[PDB]
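Colleague: can't give you the sequence, but here's the structure:
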Ligand SMILES: Nc1ncnc2c1ncn2[C@@H]1O[C@H](COP(=O)(O)OP(=O)(O)O)[C@@H](O)[C@H]1O
Ligand SMILES: Nc1ncnc2c1ncn2[C@@H]1O[C@H](COP(=O)(O)OP(=O)(O)O)[C@@H](O)[C@H]1O
Ligand SMILES: Nc1ncnc2c1ncn2[C@@H]1O[C@H](COP(=O)(O)OP(=O)(O)O)[C@@H](O)[C@H]1O
Ligand SMILES: [Mg+2]
Ligand SMILES: [Mg+2]
Ligand SMILES: [Mg+2]
């Protein structure tokens, strides 16, 4: 110091540092603080957690990403775990909890190896070689399902659909949600069974009713009523016709005006009466254009005019207003129609086709929500989910979203594996076997990853209330006795540690992603030596 | 290592379940007094502007009161959905869903049951519960006179809980006539409840017509006969053309005198087209200015101004006509009819009385009471009564109440508990014992015994009489068909499903995370 | 209006009650984990001086923790006096008192019974319980071998919950041998607890004679064979003469030198009076000055100074002689004899060990351990054991333990529950469920299923047999006479009587008046 | 198999025992450096 103010970085006294062994203990214990939150949540016997936002709204969730997303944290090590769960949620949409517990399991076993004095790069290189070795083994042992026909391929989705719904909300109607989830993909799929578009199916929840009232409808959900409700609510098609002849327009019902600011000057009373004639003839020509086109229901983006609503009621033409542009993207794909810009380009080939249009109340005074249904298979399915609470229907959205994402993973060819703790233990005993001859300096590194993989079965043992040591001892001895590797923890107590009888299936791409994100983050956290943090 | 930020309350221990369970018990005990016919009304003291509110419904109470517990929000939200869905039975969901968590508390503490086992028993117990209502229901659709009698007894049951327990004999006829008036239209927005303070509570009535909140403008008469009604949503007043870029290039003010005259000529021409229909009354939703108002005087047409758009829907259906605009084509357009129109006065504000209309697809109810607080209670009542009776038309099946609905569920639920031998039987019995408490609090509010009176109802049903229930005026068991009280199938299906699924929410918690307030 | 003043909390009949019951729940849940053999010890951190305290006794847990709740102060005081009376069983009073109020909370809410009616059921239920407890007891002390064996079983049952649960087979001999050496004298002041750091828990050995932490003088020898022991409550210090108010007027310092000669000659003649008996040691209560200390050298007398008040009686009873101060008449005051007066060292502090005394009416328990927190637990553990076994000498009747005393008492209560008419019979059954909840908690702390063992124990005892009990090591029902589990009759009588009075005080409350604190 | 004979409530003793173990081990890490001939001295 020598008396002068010895300052280097701006805000010297505010920020701190941390190094040596104490920097590591702050990292591993920070992961254990987050792991204790996730450990009592994972598995079918888990328990949701309740979160409270700053704005007073709550979300009852049991998906590691939504928990960590709405969690106000200060430690940076947990903030990387917040993004790891979000990484698993965005792409695969399955295993958020796992990626978190598993990364902590690698970190907890790494704490013992740091005490022995192994360099962190040798620790990180050991998990990288062990992770690829486990992926290379699990890719050989899993079987392909593409040889079976379409009738049995539907059953494999039901195996994974019941797996994803369980452990979550709506366990009561999970047998129907599995059929509803599989029925959504039967309508929306490619003929070659590959690269299905997920953006065609959007999520839509409704606060009201019960879970039993939910059903399948192929159409669009608009949160609005028809214009001037004097007409009958449920419009029917003609006796002989191809359909209702849906019409969509991105032009409001008005006289044509320039987009630029204009100044229409009327210097005479004769020109003023022609403006009145021009005002009326445009509305007369407008309703005659849609009349000759044969449209029954009209969809307007930018809304319309009081004077054309009456002109719409007499001709038996329902209509709506303030339909957003995102919904028109959904209407054109569902009804297979083309959105005309204006009336001069109006033609009968651009109009859509759907079965029927109708509206119901759902209760007393809530709001009139529009419903559309198709008479055949189309490229659009809109899940109509009901719920007794706002948190129930909110959790049912992200739960069913993860269900469709798990089925989306199975659309990729030859990616199936039997989970239930079997995938963890079958990848664990081989790593310990390789260490016996690949000893080197990294012998304990393989043993750490072998013990870290087994923690997820022990996590299931804690939630189920069984003895962990007796469970892992029986699974390890059974895997050594017989090379059949589809036996896992019987969480639901149906006997059978075997997993083919219990109809449970996980995506193979999802399971290998667990150790990848876990190992890739553990390689990053172990590199940190100096921890500089500034004050808020 | 505190990963969370400053001022972050987290509970990851037994206190989390205790804090979530005690919150529902506090919400549960708050509404135990409001259940039943002998229940006491509650009083709300607002924090802003001293605007008091008296209400018996649990949905309005719980939404108004502030509660920071996350468990309280679930009881608030399940009550809001029940209020919007059916409009009745909100306090039953609140007290039953809290009692299911109350009964589930001792299983967690004393017997040490897994939370997944308690919900698993409630799944099978709720399945057998709804199956009891499948066989216990009765369809009265084959006869309209019996269905007319069913709407009476449902009005007797719903209106008895509110302050109108004495006057329910008169409003039961008023309630059922409004439903037969609507002839199946379950939209509650088509009934205008005009609030009037003063007079006796039994002075309410239901006139065959639509009662306006406003009067005629300047000189149009009060009493007329054989008037043709024409409705418009038309500006019809100083017509600002659809493009606002219009202008007048005026070279001299004498020509601008002709332009303003031309605006009066087209308006004079528009009113001339109204006279081609040959009408005597004209109604428009926009407020009518002076110039078009004057031209109706010479033609002998009445004018009404500033009608609300929600009232135009009620006005069109009572009159039976159609809202007409673009009056060049009078042939295709339709207009209503009425026998007599007369302006009346109920209190200080005058109103327009319509009577003798052809169409009767809607109505208006005029309430009378001592205070705005009583009038409010009254309003909220008929809304809950008419909401249940409106859904009774689409759901004709009904279920007998008075403790018989909860007990016949428990008769089937207790039968199924033996065929599921193991530890799940205690969970299904807990679901059964939770249903016994609804007739218990109904007896406690009237000041009767909780054990002996429920024990007599227990023995009466197992003997082979599935029509026994509680009678609160005398304090003994009586037949429900003779007393004449019955609920709808959608109501009992809703409260059992809402209270069941509400119990599933706060049984799976194992941590409460509270971030900072904003 | 306002009747009390500022900063004064008042409660009335719904805030008054349910604040004591939740306080009874709050104080009961703390001591729930400490009950039984598999109970976990609670650690208390002081607010000042960073003083920690490891302790299992429920009284000591409530002594240190501050509790502003008035209802919890009742449980604080009843554990204090229970520790004063018996010394053991304070946790059972707090648990049984809390569960009696937990049951009575449900009888007031669910069954809607008056509080006075609940007490009248507890009076008859407590009378039936004590009558069954009196008849279930068994006589003892007729055979000294059986009396020796029962004290060993009582010591094993007492130390099973403390830290000495693993070494109770060895400490039972140390506990019971000291009590028989008292020769009927019931007093805990005759037993010393010497704190020694080092060793392990099972290194505590039985001492022959009496040992204490004192030291010889500067010039005294190490060993004297067959030493005569004397105890002086005397002042061998600067005696002064006691007519305070004596001063010395001096005309010349010649006689003042002879006056100081007389002071030394005065004390010389006093030490010469000691040598007339021919003793070998001299024990004084207070400090001995150097001039008396030098005079014991040539006469062959040992010297021990600064003896505590308790140490005088503790050493005199082992010696057999009486405390002498006058030293005038050598005829009376026959002294004892000790063979080995050689001191030993246990740790860093030498202790004077005696052996081969006339009588052993006072004893000393030498303890070895690692941490002082464990030695403090060792002190409180054996203090509860020696207190129970000391009162077992005067009160001979005993009763079987292992949870059988609770269920056999509830058998007569359930038998007398049927013939009592009215609503108080439910309160009589509530008392029975309170007795049943103690063995329910014993199974919870051990980690085994509680409903099965309580159901098997309850069904087994009603068959006709009354010797069955809970075996928490194996997790099944077994014979208590084989395992050797028995407790005193006055212990369970005090617990049931104190718990009955505990519920009686808190159930007769209707208002709370909390004045302003100083 | 599952949902029988127990349910482990009051997991705060498990959380407290973990906090006491890491608290004792963190103090032991400072004393661990002074072991053996190649240990170091401490000034307080
Ligand atoms: N019904 C079931 N039977 C057996 N195992 C299950 C069942 N449902 C889920 N699991 C297992 O529980 C583990 C954790 O899944 P979970 O945490 O619920 O999914 P996510 O991590 O995507 O939230 C998975 O490895 C899976 O194998
Ligand atoms: N006069 C009566 N006799 C017998 N039972 C009655 C009588 N009046 C009301 N009840 C019972 O009291 C209950 C009142 O429920 P209610 O207060 O309407 O619930 P909520 O307010 O939640 O809709 C009904 O289930 C009905 O069976
Ligand atoms: N070895 C044992 N086996 C079975 N039960 C025991 C055993 N030791 C004690 N108990 C039971 O524990 C209960 C309370 O023991 P106690 O010594 O009073 O503990 P505390 O001093 O903490 O109150 C007694 O009622 C007794 O039945
Ligand atoms: Mg999942
Ligand atoms: Mg009601
Ligand atoms: Mg004891």
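Modeller: Alright, I've got the coordinates. Residues are numbered from 1 along each chain as shown, chains lettered A, B, ... in the order given. Ligands and ions are numbered 1, 2, ... in the order given.
Colleague: For the rest of this, base every contact and every neighbour count on C-alpha atoms.
Modeller: Noted.
Colleague: Next, the buried residues of stretch A:219-234.
Modeller: A:219, A:220, A:221, A:225, A:226, A:227, A:228, A:231 (16 or more other C-alpha atoms under 10 Å in any protein chain shown).
Colleague: ditto for stretch A:136-148
Modeller: Buried residues in stretch A:136-148 (16+ other C-alpha under 10 Å): A:138, A:139, A:142.
Colleague: Could you pull up the residues touching the last one?
Modeller: Residues in contact with residue A:142 (C-alpha atoms under 8 Å, 6 or more residues apart in numbering or on different chains) are A:416, A:417.
Colleague: which secondary structure elements does the helix or strand containing residue A:476 contact?
Modeller: Per DSSP states H and E: residue A:476 is located in helix A:468-481. With contacts defined as 3 or more C-alpha pairs under 8 Å, 6 or more residues apart in numbering or on different chains; DSSP states H and E, the packing partners of helix A:468-481 are helix A:422-435, helix A:455-464.
Colleague: out of the buried residues of stretch A:136-148, which touch ligand 3?
Modeller: Near ligand 3, taking C-alpha under 6 Å from any ligand atom as the test, no member of the buried residues of stretch A:136-148 is found.
Colleague: quick one: is stretch A:491-508 near chain B?
Modeller: No - using C-alpha under 8 Å from any C-alpha of the partner chain, stretch A:491-508 stays clear of chain B, coming no nearer than 10.2 Å.
Colleague: right, and the helix or strand after the helix holding residue A:476?
Modeller: Following helix A:468-481 in sequence, per DSSP H and E, is helix A:508-525.
Colleague: Could you check how far that next one is from the centre of its chain?
Modeller: What separates the centre of helix A:508-525 from the centre of its chain is 20 Å, taken as C-alpha atoms, centre = their mean, to the nearest Å.
Colleague: so how many other residues sit close to residue 192?
Modeller: No chain specified, so I'll use chain A. For residue A:192, the tally of surrounding residues (other C-alpha atoms under 10 Å in any protein chain shown) stands at 7.
Colleague: look at chain B instead
Modeller: Neighbours of residue B:192 using other C-alpha under 10 Å come to 18.
Colleague: Same question for residue B:346.
Modeller: 12.
Colleague: For the stretch 51-200 of chain B, what lies in contact range of ligand 2?
Modeller: Residues of the stretch 51-200 of chain B lying near ligand 2 (C-alpha under 6 Å from any ligand atom): B:88, B:89, B:90, B:91, B:92, B:157, B:158, B:160, B:161.
Colleague: what's the answer for chain B, then?
Modeller: Counting by C-alpha under 6 Å from any ligand atom, chain B sits next to ligand 2 at B:35-37, B:88-92, B:157-158, B:160-161, B:401-402, B:470-472.
Colleague: which residue sits closest to the closest residue to ligand 1 within chain D in space, ignoring its chain neighbours?
Modeller: Taking C-alpha to the nearest ligand atom, ligand 1 has its nearest neighbour within chain D at residue D:2, 12.4 Å off. Nearest non-adjacent residue to residue D:2, counting by C-alpha to C-alpha, 6 or more residues apart in numbering or on different chains: residue A:493, 5.7 Å away.
Colleague: Which stretches in the stretch 201-350 of chain A count as strands?
Modeller: For the stretch 201-350 of chain A, the strands defined by DSSP state E, counting those that start in this stretch occupy A:205-207, A:215-217, A:247-249, A:264-265, A:298-300.
Colleague: Just confirm yes or no for the shortest one near chain B.
Modeller: To tie it back to what came earlier, the one meant is strand A:264-265. Yes - using C-alpha under 8 Å from any C-alpha, strand A:264-265 reaches chain B at A:264, A:265.
Colleague: Could you give the backbone dihedrals for the residue of the stretch 351-500 of chain A found nearest chain D?
Modeller: Residue nearest to chain D within the stretch 351-500 of chain A (C-alpha to the nearest C-alpha): residue A:493, separated by 5.3 Å. Main-chain dihedrals, residue A:493, degrees, to the nearest 10: phi 60, psi 50.
Colleague: Could you do residue B:345 as well?
Modeller: phi -140, psi 120.
Colleague: Could you report the distance from it to residue B:204?
Modeller: From residue B:345 across to residue B:204, the span is 15 Å (C-alpha to C-alpha, to the nearest Å).
Colleague: what does the stretch 351-500 of chain B have sitting close to chain C?
Modeller: B:449, B:450, B:451.
Colleague: among those, who's most crowded?
Modeller: residue B:450 (19 neighbours).
Colleague: show me what contacts it?
Modeller: Applying C-alpha under 8 Å, 6+ apart to residue B:450 gives the contacts B:440, B:441, B:443, B:444, C:110, C:111, C:112.
Colleague: try it again with 10 Å
Modeller: Counting by C-alpha atoms under 10 Å, 6 or more residues apart in numbering or on different chains, residue B:450 makes contact with B:437, B:439, B:440, B:441, B:442, B:443, B:444, C:109, C:110, C:111, C:112.
Colleague: what does residue A:415 give?
Modeller: Taking C-alpha under 10 Å, 6+ apart, one finds A:139, A:142-146, A:409, A:506-511 in contact with residue A:415.
Colleague: Find the helix or strand that residue B:35 is a member of.
Modeller: Counting by DSSP H and E, residue B:35 is found in no helix or strand.
Colleague: Please apply the same query to residue B:231.
Modeller: strand B:229-232.
Colleague: Which strands and helices lie in contact with the next helix or strand after that strand?
Modeller: Of the helices and strands lying after strand B:229-232 in sequence (DSSP H and E), the nearest is strand B:246-247. With contacts taken as 3 or more C-alpha pairs under 10 Å, 6 or more residues apart in numbering or on different chains; DSSP states H and E, strand B:246-247 sits against strand A:264-265.
Colleague: and the strand it packs on, how far out from the chain's middle?
Modeller: The answer for strand A:264-265 is 55 Å, by C-alpha atoms, centre = their mean.
Colleague: what's the answer for stretch B:105-125, then?
Modeller: 35 Å.
Colleague: on that earlier part again, in the buried residues of stretch A:219-234, which two residues are the furthest apart from each other?
Modeller: Using C-alpha to C-alpha, the pair of these lying farthest apart is A:219 and A:228, separated by 23.1 Å.
Colleague: and of the residues of the stretch 351-500 of chain B next to chain C, the nearest to residue B:249?
Modeller: Nearest to residue B:249 among these, with distances taken as C-alpha to C-alpha, is residue B:450, at 87.9 Å.
Colleague: burial of whichever residue of chain B sits closest to ligand 1, as a residue count?
Modeller: At 12.5 Å from ligand 1, residue B:116 is the closest residue in chain B, using C-alpha to the nearest ligand atom. Residue neighbour count, defined by other C-alpha under 10 Å, stands at 18 for residue B:116.
Colleague: So it sits against residue B:506, correct?
Modeller: No - counting by C-alpha atoms under 10 Å, residue B:116 sits too far from residue B:506 to count as a contact (12.0 Å).
Colleague: show me what contacts the residue nearest to residue B:8 when sequence neighbours are not counted?
Modeller: Among residues not flanking residue B:8 along the chain, residue B:515 sits closest, at 5.3 Å (C-alpha to C-alpha, 6+ apart). Taking C-alpha under 10 Å, 6+ apart, we find residue B:515 in contact with A:51-56, A:70-73, B:4-10.
Colleague: Same check on residue B:404?
Modeller: Contacts of residue B:404 by C-alpha under 10 Å, 6+ apart are B:410, B:439, B:457, B:458, B:461, B:466, B:467, B:468, B:469, B:470, B:480.
Colleague: rerun that using 6 Å as the cut-off
Modeller: residue B:469 (C-alpha atoms under 6 Å, 6 or more residues apart in numbering or on different chains).
Colleague: With residue B:82 as the reference, measure out to it.
Modeller: From residue B:404 to residue B:82 the distance is 22 Å (C-alpha to C-alpha).
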